[PDB]
Amino acid sequence: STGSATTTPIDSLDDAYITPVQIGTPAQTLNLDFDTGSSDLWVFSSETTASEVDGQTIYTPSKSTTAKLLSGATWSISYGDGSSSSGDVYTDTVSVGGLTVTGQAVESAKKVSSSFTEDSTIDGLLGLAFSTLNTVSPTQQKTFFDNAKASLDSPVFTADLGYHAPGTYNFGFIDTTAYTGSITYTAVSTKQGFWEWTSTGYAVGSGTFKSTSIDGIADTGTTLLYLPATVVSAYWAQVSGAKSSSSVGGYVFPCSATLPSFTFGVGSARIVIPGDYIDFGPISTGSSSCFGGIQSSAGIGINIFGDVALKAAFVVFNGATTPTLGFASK
Ligand SMILES: O[C@H]1[C@H](NCc2ccccc2)[C@H]2CO[C@H](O2)[C@@H]1Sc1ccccc1
């Protein structure tokens, strides 16, 4: 089997991407944030505190004839931005772009933090990291991809995120028309539960490539590219007026600037992120100071190849017995 679904930026800055997901019987369609950096499928629901729902589409398990409460199971998760959610668990039928999983753990939110409430465009998350990170207690549950894997034509899914444009998540197959050149595969460590890999280095604009090992995770659920302080300093040093701002919380730059591209290595291959991918607009409405899309990972503890990097590539998440990651230009 295979599945294929269109993924759409939630706003003009590509802050995140939502993908329609069918849940229950009859189908309830929610727009979820596919996140290769976590492993919980959770949703706004009829059980969510009313004051914490503001525009989201909710899952109502009482109206799904295939929904079953998972007895005694609860979940609770926190993300790097300090956001959080929690609740109970149902099993139900879940479909993504024609690919169906029965008995999928659907984590129903009772509580969500303010940042989720304030974002009316995201109805929940669909985790695509390794199931070892799933937070359901006392019995850990599997991801959508893990549940679907054996039935897929090939045990893979691919991410093709658009710059200011729609893109595609495919499951079970590789669309050879969706990229140029070849796909370069690179080793993955799953020891932290992530799609963790090692970039071979970087370049800034037309500058010479620096060969250096950068350990990081391919994470569709993070907006920006988070890299070592040395690398990030080297990038913004090429933007006149750019400065790291403590009050703002990272590198900002004059909105009138022309941003240089940023290249990262995948083995011997090179992925080029165009300069305008790195522009995340005014820090506040009307400001001429703009926020940078490449930031330091120093206060994170891990480098993150988030959407800024991934949307410059066609990315294969290969879930074979030994998983690997593939990158192609497009
Ligand atoms: O990019 C953010 C994500 N929010 C993206 C988003 C922004 C605006 C509107 C919708 C969605 C979530 C998931 O993880 C963090 O918060 C990461 S930044 C991070 C920091 C420390 C550790 C790991 C990641």
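Following Swiss-Prot, chain A shows residues 90-419, kept in their order.
The way this entry was determined, per its header, is X-ray crystallography, 1.5 Å.
In case you wondered, yes, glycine gets a Cβ from its N, Cα and C as well.
Quick look at what Swiss-Prot annotates:
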- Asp124: active site (ACT_SITE)
- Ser288: active site (ACT_SITE)
- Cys344-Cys379: disulfide bond (DISULFID)
- 106-417: domain 'Peptidase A1' (DOMAIN)
Spatially speaking, which of the recorded positions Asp124, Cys344, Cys379 is closest to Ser288 (active site)? Use C-alpha to C-alpha, please.
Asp124
Disulfide-bonded residues (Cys344, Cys379), the one with most neighbouring Cβ atoms at 10 Å:
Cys379
Could you state the CA-to-CA distance between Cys344 (disulfide bond) and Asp124 (active site) to the nearest Å?
30
Let's check the environment of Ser288 (active site): how many other CB atoms sit within 10 Å of its CB?
22
Pairwise CA distance, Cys379 (disulfide bond) versus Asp124 (active site), rounded so that it is a whole Å:
26
Would you count the other CB atoms within 10 A of the CB of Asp124 (active site), including those on all shown protein chains?
21
Which state, by DSSP, holds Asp124 (active site): helix, strand or coil?
strand
